Amino acid sequence: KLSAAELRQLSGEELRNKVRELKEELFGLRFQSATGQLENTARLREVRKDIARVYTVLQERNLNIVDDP
RNA sequence: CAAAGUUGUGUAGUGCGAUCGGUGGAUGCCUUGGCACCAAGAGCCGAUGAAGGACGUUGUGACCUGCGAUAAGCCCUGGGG
Ligand SMILES: [Mg+2]
């Protein structure tokens, strides 16, 4: 899974929790990469892409491009 | 055999020719680059912060191109497969 437009079915607070969880996962991945672990390197970019998606949804809600749930 | 006389000279090197190579990158044939134009556009950008940059950004060392900590990319829409 890589997240998609179903993030628009979530609420603001749980989307922000999603942001925090994604940031923590990226932190762990970066530490693994530094320490020599993390064979799965593509996730290291996909997590940042997911953060971008969640910020996209939040900003469209904030700017009223899409009606806020 | 002696006497008198004649002629000859490449083991150092060199010249010329032929031949076989080396160096060199001319020539010929090209080209992801230029040059001069034609036709149609567009003729402004900027405090909603420009022109141009610095630094950063990739699974990984650099540089170029793109991008800006949402960082060779995020979303919507249409096309295409
Ligand atoms: Mg003209």
# chains A, B, ... in the order shown; residues from 1 in each chain; ligands from 1
>>> residues_near_ligand(ligand="ligand 1", cutoff="9 Å", atoms="only C-alpha atoms (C1' of nucleotides) and all ligand atoms", output="list in words")
residues 39, 40 and 41 of chain B
>>> select_by_dssp(residues="chain A", states="alpha helix (DSSP H)", output="MDAnalysis selection string")
chainID A and resid 12:35 43:62
>>> interface_residues(of="chain A", to="chain B", cutoff="7 Å", atoms="only C-alpha atoms (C1' of nucleotides)", output="list in words")
residues 41, 42, 51, 52, 53, 55 and 56 of chain A
>>> write_last_selection(atoms="N, CA and C atoms", output="tab-separated table (two decimals), in the first residue's frame")
chain	number	residue	atom	x	y	z
A	41	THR	N	14.69	-0.32	0.03
A	41	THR	CA	15.06	1.08	-0.12
A	41	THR	C	13.95	1.93	-0.73
A	42	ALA	N	13.04	1.33	-1.50
A	42	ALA	CA	12.00	2.11	-2.15
A	42	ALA	C	11.03	2.73	-1.15
A	51	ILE	N	3.78	11.40	2.78
A	51	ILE	CA	3.70	12.65	3.53
A	51	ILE	C	3.25	13.78	2.61
A	52	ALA	N	3.79	13.81	1.39
A	52	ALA	CA	3.37	14.81	0.42
A	52	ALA	C	1.88	14.70	0.13
A	53	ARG	N	1.38	13.47	-0.03
A	53	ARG	CA	-0.04	13.28	-0.30
A	53	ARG	C	-0.90	13.79	0.85
A	55	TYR	N	-0.16	16.05	3.18
A	55	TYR	CA	-0.15	17.51	3.15
A	55	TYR	C	-0.98	18.07	2.00
A	56	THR	N	-1.00	17.39	0.85
A	56	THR	CA	-1.83	17.85	-0.25
A	56	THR	C	-3.30	17.86	0.15
>>> atom_distance(atom1="CA of residue 15 (chain A)", atom2="CA of residue 28 (chain A)")
20.0 Å
>>> residues_around(residues="residue 12 (chain A)", least_positions_apart="2", cutoff="9 Å", atoms="only C-alpha atoms (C1' of nucleotides)", output="PyMOL selection string")
chain A and resi 10+14-17+58+61+68-69
>>> atom_distance(atom1="CA of residue 22 (chain A)", atom2="CA of residue 38 (chain A)")
16.2 Å
>>> atom_distance(atom1="CA of residue 5 (chain A)", atom2="CA of residue 47 (chain A)")
15.5 Å
>>> residues_around(residues="residue 57 (chain B)", least_positions_apart="3", cutoff="8 Å", atoms="only C-alpha atoms (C1' of nucleotides)", output="PyMOL selection string")
chain B and resi 67-68+71
>>> decode(residues="region 15-47 of chain B", atoms="N, CA, C and O atoms (P, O5', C5', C4', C3', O3' and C1' of nucleotides)", output="PDB file, in the first residue's frame")
ATOM      1  P     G B  15      72.799  10.417 -43.504  1.00  0.00           P
ATOM      2  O5'   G B  15      72.942  10.519 -45.082  1.00  0.00           O
ATOM      3  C5'   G B  15      73.432  11.701 -45.691  1.00  0.00           C
ATOM      4  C4'   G B  15      73.648  11.507 -47.166  1.00  0.00           C
ATOM      5  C3'   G B  15      72.461  10.967 -47.940  1.00  0.00           C
ATOM      6  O3'   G B  15      71.522  11.975 -48.259  1.00  0.00           O
ATOM      7  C1'   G B  15      74.394   9.766 -48.539  1.00  0.00           C
ATOM      8  P     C B  16      69.951  11.697 -48.112  1.00  0.00           P
ATOM      9  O5'   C B  16      69.591  10.885 -49.427  1.00  0.00           O
ATOM     10  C5'   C B  16      69.869  11.432 -50.703  1.00  0.00           C
ATOM     11  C4'   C B  16      69.855  10.382 -51.782  1.00  0.00           C
ATOM     12  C3'   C B  16      68.643   9.474 -51.825  1.00  0.00           C
ATOM     13  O3'   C B  16      67.503  10.078 -52.400  1.00  0.00           O
ATOM     14  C1'   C B  16      70.586   8.176 -52.041  1.00  0.00           C
ATOM     15  P     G B  17      66.048   9.705 -51.842  1.00  0.00           P
ATOM     16  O5'   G B  17      65.778   8.258 -52.436  1.00  0.00           O
ATOM     17  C5'   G B  17      65.706   8.062 -53.836  1.00  0.00           C
ATOM     18  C4'   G B  17      65.745   6.602 -54.200  1.00  0.00           C
ATOM     19  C3'   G B  17      64.692   5.719 -53.565  1.00  0.00           C
ATOM     20  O3'   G B  17      63.427   5.826 -54.183  1.00  0.00           O
ATOM     21  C1'   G B  17      66.782   4.661 -53.414  1.00  0.00           C
ATOM     22  P     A B  18      62.096   5.728 -53.296  1.00  0.00           P
ATOM     23  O5'   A B  18      61.885   4.166 -53.095  1.00  0.00           O
ATOM     24  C5'   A B  18      61.840   3.291 -54.210  1.00  0.00           C
ATOM     25  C4'   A B  18      62.154   1.873 -53.814  1.00  0.00           C
ATOM     26  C3'   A B  18      61.267   1.267 -52.743  1.00  0.00           C
ATOM     27  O3'   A B  18      60.034   0.797 -53.250  1.00  0.00           O
ATOM     28  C1'   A B  18      63.520   0.830 -52.224  1.00  0.00           C
ATOM     29  P     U B  19      58.690   0.976 -52.394  1.00  0.00           P
ATOM     30  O5'   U B  19      58.873  -0.029 -51.177  1.00  0.00           O
ATOM     31  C5'   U B  19      58.987  -1.425 -51.397  1.00  0.00           C
ATOM     32  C4'   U B  19      59.491  -2.136 -50.169  1.00  0.00           C
ATOM     33  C3'   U B  19      58.670  -1.947 -48.908  1.00  0.00           C
ATOM     34  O3'   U B  19      57.524  -2.773 -48.867  1.00  0.00           O
ATOM     35  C1'   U B  19      60.950  -1.642 -48.407  1.00  0.00           C
ATOM     36  P     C B  20      56.165  -2.235 -48.208  1.00  0.00           P
ATOM     37  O5'   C B  20      56.374  -2.481 -46.652  1.00  0.00           O
ATOM     38  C5'   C B  20      56.707  -3.771 -46.168  1.00  0.00           C
ATOM     39  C4'   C B  20      57.272  -3.713 -44.774  1.00  0.00           C
ATOM     40  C3'   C B  20      56.464  -2.931 -43.759  1.00  0.00           C
ATOM     41  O3'   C B  20      55.361  -3.659 -43.256  1.00  0.00           O
ATOM     42  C1'   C B  20      58.742  -2.353 -43.567  1.00  0.00           C
ATOM     43  P     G B  21      54.014  -2.892 -42.858  1.00  0.00           P
ATOM     44  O5'   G B  21      54.189  -2.611 -41.304  1.00  0.00           O
ATOM     45  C5'   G B  21      54.094  -1.296 -40.778  1.00  0.00           C
ATOM     46  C4'   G B  21      55.060  -1.099 -39.639  1.00  0.00           C
ATOM     47  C3'   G B  21      54.779   0.073 -38.720  1.00  0.00           C
ATOM     48  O3'   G B  21      53.780  -0.201 -37.760  1.00  0.00           O
ATOM     49  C1'   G B  21      57.048   0.094 -39.316  1.00  0.00           C
ATOM     50  P     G B  22      52.773   0.962 -37.314  1.00  0.00           P
ATOM     51  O5'   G B  22      53.677   1.936 -36.443  1.00  0.00           O
ATOM     52  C5'   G B  22      54.241   1.499 -35.218  1.00  0.00           C
ATOM     53  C4'   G B  22      55.142   2.546 -34.620  1.00  0.00           C
ATOM     54  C3'   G B  22      54.497   3.884 -34.309  1.00  0.00           C
ATOM     55  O3'   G B  22      53.802   3.879 -33.075  1.00  0.00           O
ATOM     56  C1'   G B  22      56.548   4.232 -35.426  1.00  0.00           C
ATOM     57  P     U B  23      52.484   4.771 -32.873  1.00  0.00           P
ATOM     58  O5'   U B  23      53.011   6.268 -32.953  1.00  0.00           O
ATOM     59  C5'   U B  23      53.699   6.858 -31.862  1.00  0.00           C
ATOM     60  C4'   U B  23      54.349   8.157 -32.260  1.00  0.00           C
ATOM     61  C3'   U B  23      53.403   9.312 -32.547  1.00  0.00           C
ATOM     62  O3'   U B  23      53.046  10.007 -31.367  1.00  0.00           O
ATOM     63  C1'   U B  23      54.999   9.124 -34.290  1.00  0.00           C
ATOM     64  P     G B  24      51.561  10.572 -31.157  1.00  0.00           P
ATOM     65  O5'   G B  24      51.357  11.585 -32.361  1.00  0.00           O
ATOM     66  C5'   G B  24      51.996  12.851 -32.370  1.00  0.00           C
ATOM     67  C4'   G B  24      51.779  13.533 -33.688  1.00  0.00           C
ATOM     68  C3'   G B  24      50.324  13.693 -34.090  1.00  0.00           C
ATOM     69  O3'   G B  24      49.752  14.868 -33.550  1.00  0.00           O
ATOM     70  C1'   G B  24      51.531  12.723 -35.872  1.00  0.00           C
ATOM     71  P     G B  25      48.347  14.816 -32.785  1.00  0.00           P
ATOM     72  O5'   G B  25      47.313  15.354 -33.862  1.00  0.00           O
ATOM     73  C5'   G B  25      47.718  16.286 -34.855  1.00  0.00           C
ATOM     74  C4'   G B  25      47.120  15.954 -36.197  1.00  0.00           C
ATOM     75  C3'   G B  25      45.596  16.013 -36.264  1.00  0.00           C
ATOM     76  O3'   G B  25      45.200  16.414 -37.572  1.00  0.00           O
ATOM     77  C1'   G B  25      46.319  13.832 -36.773  1.00  0.00           C
ATOM     78  P     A B  26      43.760  17.073 -37.817  1.00  0.00           P
ATOM     79  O5'   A B  26      43.789  17.468 -39.355  1.00  0.00           O
ATOM     80  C5'   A B  26      44.665  18.477 -39.826  1.00  0.00           C
ATOM     81  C4'   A B  26      45.263  18.111 -41.160  1.00  0.00           C
ATOM     82  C3'   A B  26      44.279  17.766 -42.261  1.00  0.00           C
ATOM     83  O3'   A B  26      43.720  18.907 -42.881  1.00  0.00           O
ATOM     84  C1'   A B  26      45.986  16.147 -42.205  1.00  0.00           C
ATOM     85  P     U B  27      42.145  18.972 -43.172  1.00  0.00           P
ATOM     86  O5'   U B  27      41.912  17.842 -44.263  1.00  0.00           O
ATOM     87  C5'   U B  27      42.558  17.909 -45.523  1.00  0.00           C
ATOM     88  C4'   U B  27      42.462  16.603 -46.268  1.00  0.00           C
ATOM     89  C3'   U B  27      41.059  16.060 -46.469  1.00  0.00           C
ATOM     90  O3'   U B  27      40.399  16.656 -47.569  1.00  0.00           O
ATOM     91  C1'   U B  27      42.450  14.342 -45.661  1.00  0.00           C
ATOM     92  P     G B  28      38.890  17.172 -47.422  1.00  0.00           P
ATOM     93  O5'   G B  28      38.020  15.883 -47.734  1.00  0.00           O
ATOM     94  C5'   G B  28      38.270  15.110 -48.894  1.00  0.00           C
ATOM     95  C4'   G B  28      37.773  13.700 -48.728  1.00  0.00           C
ATOM     96  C3'   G B  28      36.365  13.556 -48.189  1.00  0.00           C
ATOM     97  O3'   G B  28      35.381  13.738 -49.188  1.00  0.00           O
ATOM     98  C1'   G B  28      37.802  12.080 -47.042  1.00  0.00           C
ATOM     99  P     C B  29      34.068  14.602 -48.881  1.00  0.00           P
ATOM    100  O5'   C B  29      33.151  13.605 -48.051  1.00  0.00           O
ATOM    101  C5'   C B  29      32.827  12.329 -48.570  1.00  0.00           C
ATOM    102  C4'   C B  29      32.316  11.408 -47.495  1.00  0.00           C
ATOM    103  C3'   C B  29      31.270  11.990 -46.566  1.00  0.00           C
ATOM    104  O3'   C B  29      29.976  12.023 -47.132  1.00  0.00           O
ATOM    105  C1'   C B  29      32.893  10.856 -45.297  1.00  0.00           C
ATOM    106  P     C B  30      28.962  13.193 -46.718  1.00  0.00           P
ATOM    107  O5'   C B  30      29.106  13.256 -45.139  1.00  0.00           O
ATOM    108  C5'   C B  30      27.966  13.235 -44.300  1.00  0.00           C
ATOM    109  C4'   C B  30      28.210  12.414 -43.061  1.00  0.00           C
ATOM    110  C3'   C B  30      27.637  12.976 -41.774  1.00  0.00           C
ATOM    111  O3'   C B  30      26.261  12.683 -41.632  1.00  0.00           O
ATOM    112  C1'   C B  30      29.862  12.257 -41.412  1.00  0.00           C
ATOM    113  P     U B  31      25.209  13.850 -41.314  1.00  0.00           P
ATOM    114  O5'   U B  31      25.301  14.014 -39.739  1.00  0.00           O
ATOM    115  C5'   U B  31      25.336  12.872 -38.894  1.00  0.00           C
ATOM    116  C4'   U B  31      25.646  13.246 -37.470  1.00  0.00           C
ATOM    117  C3'   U B  31      24.777  14.357 -36.893  1.00  0.00           C
ATOM    118  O3'   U B  31      24.567  14.115 -35.505  1.00  0.00           O
ATOM    119  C1'   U B  31      27.041  15.009 -36.816  1.00  0.00           C
ATOM    120  P     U B  32      23.102  13.747 -34.969  1.00  0.00           P
ATOM    121  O5'   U B  32      22.381  15.158 -34.827  1.00  0.00           O
ATOM    122  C5'   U B  32      22.960  16.196 -34.045  1.00  0.00           C
ATOM    123  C4'   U B  32      22.179  16.435 -32.780  1.00  0.00           C
ATOM    124  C3'   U B  32      22.788  17.453 -31.822  1.00  0.00           C
ATOM    125  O3'   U B  32      21.736  18.095 -31.105  1.00  0.00           O
ATOM    126  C1'   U B  32      22.651  15.360 -30.752  1.00  0.00           C
ATOM    127  P     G B  33      21.708  19.690 -30.956  1.00  0.00           P
ATOM    128  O5'   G B  33      23.197  20.132 -31.280  1.00  0.00           O
ATOM    129  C5'   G B  33      24.085  20.505 -30.240  1.00  0.00           C
ATOM    130  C4'   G B  33      25.090  21.511 -30.729  1.00  0.00           C
ATOM    131  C3'   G B  33      24.518  22.821 -31.238  1.00  0.00           C
ATOM    132  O3'   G B  33      24.230  23.731 -30.193  1.00  0.00           O
ATOM    133  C1'   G B  33      26.103  22.000 -32.780  1.00  0.00           C
ATOM    134  P     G B  34      23.433  25.090 -30.496  1.00  0.00           P
ATOM    135  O5'   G B  34      24.521  26.030 -31.168  1.00  0.00           O
ATOM    136  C5'   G B  34      24.153  26.980 -32.153  1.00  0.00           C
ATOM    137  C4'   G B  34      25.297  27.266 -33.089  1.00  0.00           C
ATOM    138  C3'   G B  34      25.060  28.372 -34.099  1.00  0.00           C
ATOM    139  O3'   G B  34      25.301  29.655 -33.554  1.00  0.00           O
ATOM    140  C1'   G B  34      25.959  26.487 -35.196  1.00  0.00           C
ATOM    141  P     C B  35      24.307  30.871 -33.868  1.00  0.00           P
ATOM    142  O5'   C B  35      24.440  31.071 -35.438  1.00  0.00           O
ATOM    143  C5'   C B  35      25.655  31.514 -36.017  1.00  0.00           C
ATOM    144  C4'   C B  35      25.507  31.692 -37.503  1.00  0.00           C
ATOM    145  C3'   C B  35      24.272  32.452 -37.949  1.00  0.00           C
ATOM    146  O3'   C B  35      24.432  33.854 -37.853  1.00  0.00           O
ATOM    147  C1'   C B  35      24.505  30.498 -39.248  1.00  0.00           C
ATOM    148  P     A B  36      23.176  34.792 -37.526  1.00  0.00           P
ATOM    149  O5'   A B  36      22.401  34.891 -38.908  1.00  0.00           O
ATOM    150  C5'   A B  36      23.068  35.325 -40.080  1.00  0.00           C
ATOM    151  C4'   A B  36      22.285  34.976 -41.316  1.00  0.00           C
ATOM    152  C3'   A B  36      20.831  35.404 -41.317  1.00  0.00           C
ATOM    153  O3'   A B  36      20.679  36.767 -41.661  1.00  0.00           O
ATOM    154  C1'   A B  36      20.997  33.169 -42.055  1.00  0.00           C
ATOM    155  P     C B  37      19.348  37.560 -41.257  1.00  0.00           P
ATOM    156  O5'   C B  37      18.274  37.048 -42.307  1.00  0.00           O
ATOM    157  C5'   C B  37      16.985  36.640 -41.888  1.00  0.00           C
ATOM    158  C4'   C B  37      16.414  35.609 -42.823  1.00  0.00           C
ATOM    159  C3'   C B  37      14.911  35.419 -42.765  1.00  0.00           C
ATOM    160  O3'   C B  37      14.217  36.393 -43.520  1.00  0.00           O
ATOM    161  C1'   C B  37      15.972  33.312 -42.726  1.00  0.00           C
ATOM    162  P     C B  38      12.853  37.031 -42.970  1.00  0.00           P
ATOM    163  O5'   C B  38      11.747  35.966 -43.377  1.00  0.00           O
ATOM    164  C5'   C B  38      11.648  35.497 -44.712  1.00  0.00           C
ATOM    165  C4'   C B  38      10.738  34.302 -44.802  1.00  0.00           C
ATOM    166  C3'   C B  38       9.445  34.397 -44.016  1.00  0.00           C
ATOM    167  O3'   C B  38       8.452  35.152 -44.682  1.00  0.00           O
ATOM    168  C1'   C B  38      10.448  32.294 -43.635  1.00  0.00           C
ATOM    169  P     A B  39       7.410  36.030 -43.837  1.00  0.00           P
ATOM    170  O5'   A B  39       6.404  34.951 -43.247  1.00  0.00           O
ATOM    171  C5'   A B  39       5.646  34.119 -44.108  1.00  0.00           C
ATOM    172  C4'   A B  39       4.893  33.073 -43.333  1.00  0.00           C
ATOM    173  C3'   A B  39       4.201  33.552 -42.071  1.00  0.00           C
ATOM    174  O3'   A B  39       2.970  34.202 -42.324  1.00  0.00           O
ATOM    175  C1'   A B  39       5.365  31.556 -41.614  1.00  0.00           C
ATOM    176  P     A B  40       2.480  35.389 -41.362  1.00  0.00           P
ATOM    177  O5'   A B  40       2.012  34.645 -40.034  1.00  0.00           O
ATOM    178  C5'   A B  40       0.917  33.744 -40.058  1.00  0.00           C
ATOM    179  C4'   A B  40       0.909  32.838 -38.853  1.00  0.00           C
ATOM    180  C3'   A B  40       0.767  33.514 -37.502  1.00  0.00           C
ATOM    181  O3'   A B  40      -0.570  33.864 -37.198  1.00  0.00           O
ATOM    182  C1'   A B  40       2.493  31.914 -37.397  1.00  0.00           C
ATOM    183  P     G B  41      -0.878  35.128 -36.258  1.00  0.00           P
ATOM    184  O5'   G B  41       0.022  34.871 -34.971  1.00  0.00           O
ATOM    185  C5'   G B  41      -0.552  34.841 -33.675  1.00  0.00           C
ATOM    186  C4'   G B  41       0.173  33.873 -32.777  1.00  0.00           C
ATOM    187  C3'   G B  41       0.536  34.396 -31.399  1.00  0.00           C
ATOM    188  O3'   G B  41      -0.547  34.306 -30.493  1.00  0.00           O
ATOM    189  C1'   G B  41       2.401  33.290 -32.355  1.00  0.00           C
ATOM    190  P     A B  42      -1.122  35.622 -29.778  1.00  0.00           P
ATOM    191  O5'   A B  42      -0.030  35.956 -28.672  1.00  0.00           O
ATOM    192  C5'   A B  42       0.262  35.030 -27.637  1.00  0.00           C
ATOM    193  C4'   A B  42       1.601  35.319 -27.012  1.00  0.00           C
ATOM    194  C3'   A B  42       1.878  36.776 -26.690  1.00  0.00           C
ATOM    195  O3'   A B  42       1.273  37.218 -25.491  1.00  0.00           O
ATOM    196  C1'   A B  42       3.718  35.891 -27.836  1.00  0.00           C
ATOM    197  P     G B  43       0.518  38.632 -25.467  1.00  0.00           P
ATOM    198  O5'   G B  43       1.701  39.695 -25.485  1.00  0.00           O
ATOM    199  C5'   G B  43       2.602  39.775 -24.395  1.00  0.00           C
ATOM    200  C4'   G B  43       3.894  40.461 -24.760  1.00  0.00           C
ATOM    201  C3'   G B  43       3.833  41.947 -25.048  1.00  0.00           C
ATOM    202  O3'   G B  43       3.728  42.739 -23.879  1.00  0.00           O
ATOM    203  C1'   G B  43       5.221  40.887 -26.633  1.00  0.00           C
ATOM    204  P     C B  44       2.288  43.211 -23.356  1.00  0.00           P
ATOM    205  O5'   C B  44       1.926  42.138 -22.242  1.00  0.00           O
ATOM    206  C5'   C B  44       2.480  42.228 -20.941  1.00  0.00           C
ATOM    207  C4'   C B  44       3.758  41.439 -20.821  1.00  0.00           C
ATOM    208  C3'   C B  44       4.158  41.064 -19.407  1.00  0.00           C
ATOM    209  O3'   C B  44       3.480  39.915 -18.937  1.00  0.00           O
ATOM    210  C1'   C B  44       6.020  41.975 -20.528  1.00  0.00           C
ATOM    211  P     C B  45       2.796  39.926 -17.488  1.00  0.00           P
ATOM    212  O5'   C B  45       3.989  39.545 -16.512  1.00  0.00           O
ATOM    213  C5'   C B  45       4.760  38.378 -16.738  1.00  0.00           C
ATOM    214  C4'   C B  45       5.969  38.341 -15.844  1.00  0.00           C
ATOM    215  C3'   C B  45       5.751  38.824 -14.424  1.00  0.00           C
ATOM    216  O3'   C B  45       5.125  37.868 -13.593  1.00  0.00           O
ATOM    217  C1'   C B  45       7.706  39.805 -15.278  1.00  0.00           C
ATOM    218  P     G B  46       4.037  38.352 -12.520  1.00  0.00           P
ATOM    219  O5'   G B  46       4.891  39.175 -11.464  1.00  0.00           O
ATOM    220  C5'   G B  46       5.905  38.534 -10.711  1.00  0.00           C
ATOM    221  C4'   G B  46       6.652  39.504  -9.834  1.00  0.00           C
ATOM    222  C3'   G B  46       5.812  40.413  -8.960  1.00  0.00           C
ATOM    223  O3'   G B  46       5.277  39.763  -7.826  1.00  0.00           O
ATOM    224  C1'   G B  46       7.525  41.668  -9.961  1.00  0.00           C
ATOM    225  P     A B  47       3.787  40.102  -7.340  1.00  0.00           P
ATOM    226  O5'   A B  47       3.921  40.202  -5.761  1.00  0.00           O
ATOM    227  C5'   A B  47       5.004  40.910  -5.175  1.00  0.00           C
ATOM    228  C4'   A B  47       4.796  41.127  -3.700  1.00  0.00           C
ATOM    229  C3'   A B  47       3.662  42.076  -3.340  1.00  0.00           C
ATOM    230  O3'   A B  47       3.113  41.687  -2.084  1.00  0.00           O
ATOM    231  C1'   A B  47       5.701  42.964  -2.564  1.00  0.00           C
TER     232        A B  47
END
